[PDB]
Each structure stands twice: as C-alpha cells, then as structure tokens.
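Encoded as structure tokens, the structure appears first; notes follow it.
All of the numbers you see were taken from the coordinates with simple rules; none came from a lab. Cβ atoms come from the backbone with ideal geometry, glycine included; neighbour counts cover every protein chain shown.
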Amino acid sequence: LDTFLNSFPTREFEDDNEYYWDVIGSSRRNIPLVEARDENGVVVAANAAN
Amino acid sequence: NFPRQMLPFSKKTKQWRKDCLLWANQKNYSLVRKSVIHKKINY
C-alpha cells in the first residue's frame, strides 16, 4: 500500500483550508429550439407547410 | 523513504539512483532558516 502510494507526487500547499482547482468545458455550443413562427406570428406545427 | 545509501558501488544501479531523484519530488524544515513565506513577505 505504501509502494502504491509512492507512485504519486506531493504538492506542498500553503494553508490547511480546503483547496480548489478550476475545471472548464468548451466554448462552442449548439442551442436547442423551443418553437418557431412564420412572419404573421403564428407558430409552425408539425403538420404544416413549408 | 529514502533508498539505502550504505551499499557497495556495484549495487548503486540505475533504478537505485532513479529512486533517489523520484524521492525528492515526494517530500521544508531547517533549524536555522526562516520559512519561505516569511522571506517572501520580506521581498
């Protein structure tokens, strides 16, 4: 168990408070649609024209 | 811990020397020096 824990390095912190590390995703994203309307203002159903 | 230094020179092989360097990355206190944070506050 020590030879398993001798495989890991050690960072010397400054305090004994809790510590943080920032994680990030991407910037590029696709946005879902919630509804669409034609020019007169009424929403387009699934059984509608072009 | 720190590898056995009291060896013959033939058994101070390449993984023995590597275990000593690998130790330094895994663990400061000195008896006549101030702490680094005390010196860096001075600087």
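Residues in the stretch A:2-32 that are among the hydrophobic types (A, V, I, L, M, F, W, C) and more than 14 Å from chain B (Cβ to nearest Cβ): how many?
4
Failed condition for B:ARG17, given (1) of a type outside the set (S, T, N, Q); (2) closer than 25 Å to A:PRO9 by Cα; (3) loosely packed, with under 10 Cβ neighbours inside 10 Å; (4) more than 12 Å from chain A (Cβ to nearest Cβ), with all others met?
(3)
Given the conditions (1) over 16 Å from the mean Cα position of the chain (by Cα); (2) within 12 Å of chain A (Cβ to nearest Cβ); (3) exposed (fewer than 10 other Cβ atoms within 10 Å of the Cβ), and given that B:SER35 satisfies all but one, which numbered condition is not satisfied?
Only one criterion is unmet by B:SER35, namely (3).
Taking into account only those residues within the stretch B:20-32 that are hydrophobic (A, V, I, L, M, F, W, C) and more than 9 Å from chain A (Cβ to nearest Cβ), which is surrounded by the most Cβ atoms within 10 Å (Cβ to Cβ)?
B:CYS20
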